[PDB]
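# Commentary on secondary and tertiary structure
Here is how the chains run, residue by residue.
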Amino acid sequence: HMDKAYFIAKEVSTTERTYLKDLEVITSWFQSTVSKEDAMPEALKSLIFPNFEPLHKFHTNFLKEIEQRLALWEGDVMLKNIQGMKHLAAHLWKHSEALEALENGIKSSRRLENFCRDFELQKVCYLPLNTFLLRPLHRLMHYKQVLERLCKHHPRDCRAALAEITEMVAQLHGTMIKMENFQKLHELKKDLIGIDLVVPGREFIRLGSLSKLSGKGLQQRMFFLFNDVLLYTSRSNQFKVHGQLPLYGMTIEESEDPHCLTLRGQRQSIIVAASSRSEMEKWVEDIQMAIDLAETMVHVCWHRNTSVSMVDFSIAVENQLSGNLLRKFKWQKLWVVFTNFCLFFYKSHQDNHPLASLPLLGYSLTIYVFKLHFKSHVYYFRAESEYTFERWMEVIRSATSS
């Protein structure tokens, strides 16, 4: 074909091909590492897997339907299977129950904790294990994004799919946010030492690097502003918390005694130096808005002096885009995955092991070929189409520089 409509189907199939590959990190890869141990209680094993395997055996049947229509071309398949997913919503409502359960067992069974982490260190678990339990619900969003873009292009059946998906996703908007802020709350507690942070009435705002001022000089420390408490590190294996600063009620003002600002709390007060001008201006609004309302990416941020928000996290999720393109410096052809604001390189399509991974924080996008410039490391990327070159920068530029 030779138009923007057909090119969409490629994006769908190519991102569906990795979606299944993510389920195969559970219905396949995590499955065998469970049956080999028999260490997971039959109460939990019959709670995570029964709600997951049908997703694979269906979306594989979806994939055989769409890729078939691709081969015929060189619409209806959407509304057909989208109407079919409605017989899967029940499973998706049991995901939040699972993620909460998968942590109550790690907080008790020391075997499960020592094993789950040991599984996370496998080279198929390219993302933290918890995030894989969300993918069945994330594929709901990226179906909306595709079917919306069709209702913009085409000048009747696509209108049914964007209507069906919306009502569906907006109904699953319940768990998709509860367990959304649950994961990045729990995973944060796996990188922070000296806390012992899972309060039911607690949310996550943002985190990042802010060169804290001290009597000595300036000291770059990590800052994790939560709903109620902003806490910070002290620079062994993980990040050792220094002190806490309960928000309500504190006063934050600008300063001159370095492009910075102070934070006078009702208890203790500290002076924080920003990384830029809009690193301050970003941190300020996130802080005061969490004060007024009160009435890993960690190592990447720390090592590059940038901040990441829940506001930011949901952005690099709506901007998930997998597919093929070519890469070389001053061509290698490889299957490339974009997820959690990070690049992932694969040898070929049907792999299950990342060749390498490019952390896209601080990288600048410039110029069917774009270029990801950063400090000294410079990469060139040639996309395989005209729409896929637009769509590639579409997700990258929105996750990298702006």
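Residues numbered from 1 in each chain as written, not as in the entry; some residues may be left out. Heavy atoms only, no water. Residues with missing side-chain atoms left out of burial classes, pairs and counts.

### Digging into the overall build of the chain
Scanning the chain from N- to C-terminus turns up 14 helices and 16 strands. Each principal axis of the C-alpha atoms in the chain carries an extent, and together these give about 70 × 55 × 40 Å. (Helix = DSSP H or I, 4+ residues; strand = E, 2+ residues; numbered from the N terminus.)

### Considerations on the sheet that holds strand β15 (residues 369-374)
In spatial order, the strands read β13-β12-β11-β10-β16-β15-β14; together these seven strands make up an open sheet with antiparallel pairing. Strands at the two margins of the open sheet, each flanked by one partner only, are β13 (356-359) and β14 (364-366). Mean inter-strand twist for the sheet, computed between neighbouring axes without regard to direction, equals 35°. As judged from the six bridges shared by β15 and strand β16 (residues 377-383), these two strands associate in the antiparallel manner. Looking at β16, one finds that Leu372 is bridged to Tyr379. The sheet strands contacting helix α1 (residues 4-35) are β10 (323-328), β11 (332-338) and β12 (342-346), and the helix crosses β11 at an angle near 70°. (Pairing = 2+ DSSP bridges. Axes fitted to C-alpha atoms, helices over the stretch in contact; angles between N-to-C directions. Contact = heavy atoms within 4.5 Å.)

### Some points on the domain arrangement of the chain
The domain boundaries assigned to the chain delineate domain 1 (4-187), domain 2 (198-295) and domain 3 (316-396). Taken together, the 18 residues of domain 1 in the interface contact 21 residues of domain 3. Going through the elements one at a time, α1 and α8 (135-153) are the ones with two or more residues in the side of domain 1 that touches domain 3. Looking at the side of domain 1 that touches domain 3, the element that brings in the most residues is α1, giving nine residues. Looking at side-chain class alone, the side of domain 1 that touches domain 3 contains six nonpolar, six polar and six charged residues. (Domains from an automatic or database assignment. Nonpolar A, V, L, I, M, F, W, Y, C, P; charged D, E, K, R; others polar.)

### A short note on the pattern of salt bridges
Measuring nitrogen to oxygen at the nearest pair gives 2.8 Å for the salt bridge that ties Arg149 to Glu11. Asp286 is the salt-bridge partner of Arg206, the closest N and O atoms lying 2.9 Å from each other. Each of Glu11, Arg149, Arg391 and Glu394 takes part in one network of salt bridges that share partners. (Salt bridge = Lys/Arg side-chain N within 4 Å of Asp/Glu carboxyl O.)

### Observations concerning the pairing of strand β2 (residues 204-213)
Pairing of β2 with strand β3 (residues 218-226), which is carried by nine bridges, proceeds in the antiparallel orientation. Looking across to β3, one finds that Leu207 is bridged to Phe224. Counting the residues in the hairpin turn of β2 and β3 gives four residues. In this structure, β2 lies alongside strand β9 (residues 307-309), joined through three bridges in antiparallel fashion. In the strand pairing of β9, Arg206 is matched with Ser309.

### Thoughts on the environment of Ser357
Note that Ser357 resides in strand β13. Ignoring sequence-local partners within four residues, the contact set of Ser357 consists of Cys342, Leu343, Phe344 and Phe345.

### Brief notes about the pairing of β12
Strand direction decides the pairing type here: β11 and β12, joined by four bridges, are antiparallel. Residue pairing in the sheet places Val337 in a bridge with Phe344 of β12. The hairpin formed by β11 and β12 contains three residues between the paired strands, and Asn340 there has a positive phi angle of roughly 50°. In terms of strand pairing, β12 meets β13 through four bridges, oriented antiparallel. Paired with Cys342 across the two strands is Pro359, which belongs to β13.

### Some thoughts on the environment of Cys116
Tracing the chain through its elements places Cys116 in helix α7 (residues 110-120). Expressed as a C-alpha distance, the spacing of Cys116 and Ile106, which sit ten residues apart in the sequence, is 7.9 Å. Each residue touching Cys116, except ones within four places of it in the same chain, is listed here: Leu102 and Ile106.

### Some details on the packing of aromatic side chains
Each aromatic ring pair is summarised here by two numbers: the centre-to-centre distance and the angle between the ring planes. On the numbers, 5.3 Å between centres and 80° between planes, the contact of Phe329 with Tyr379 is edge-to-face. Members of the aromatic cluster, each reached through a chain of ring pairs, are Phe345, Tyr368, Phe370, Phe381 and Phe389. Taking NZ or CZ as reference, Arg202 lies 5.3 Å from the ring centre of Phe226, over its face. One residue, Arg304, lies across the ring of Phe374, its end atom 4.9 Å from the ring centre. (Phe/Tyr/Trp six-rings, centres within 6.5 Å; stacked < 30°, edge-to-face > 60°. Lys NZ or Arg CZ within 6 Å of the ring centre and 35° of its normal.)

### What to know about the environment of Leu70
The residue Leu70 is located in helix α3 (residues 53-73) in this model. In this view, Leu70 contacts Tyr6 and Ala9; residues no more than four positions away in its chain are not counted.

### Details of unusual backbone geometry
Residue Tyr248 is joined to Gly249 through a cis peptide bond whose omega torsion reads 0°. Counting through the fold element by element, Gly249 comes out in the loop between β5 (239-246) and β6 (251-255). Residues other than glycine seldom take positive phi values, yet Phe341 does so here, at roughly 60°. Note on placement: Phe341 falls in the loop between β11 and β12. Even without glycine at this site, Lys375 takes up a positive phi of about 50°. With respect to the element layout, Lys375 can be found in the loop between β15 and β16.

### Thoughts on the packing of α3 against helix α4 (residues 76-84)
Contact geometry for α3 and α4: axes closest at 11 Å, N-to-C directions at 170°. With respect to their mutual orientation, α3 and α4 come out roughly antiparallel. Of the residues in α4, those in contact with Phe58, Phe62, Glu65, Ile66 and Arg69 of α3 are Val77, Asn81 and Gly84. Across the contact of α3 with α4, the residue classes break down as four nonpolar, two polar and two charged. (Parallel < 35°, antiparallel > 145°, perpendicular 65-115°, else oblique.)

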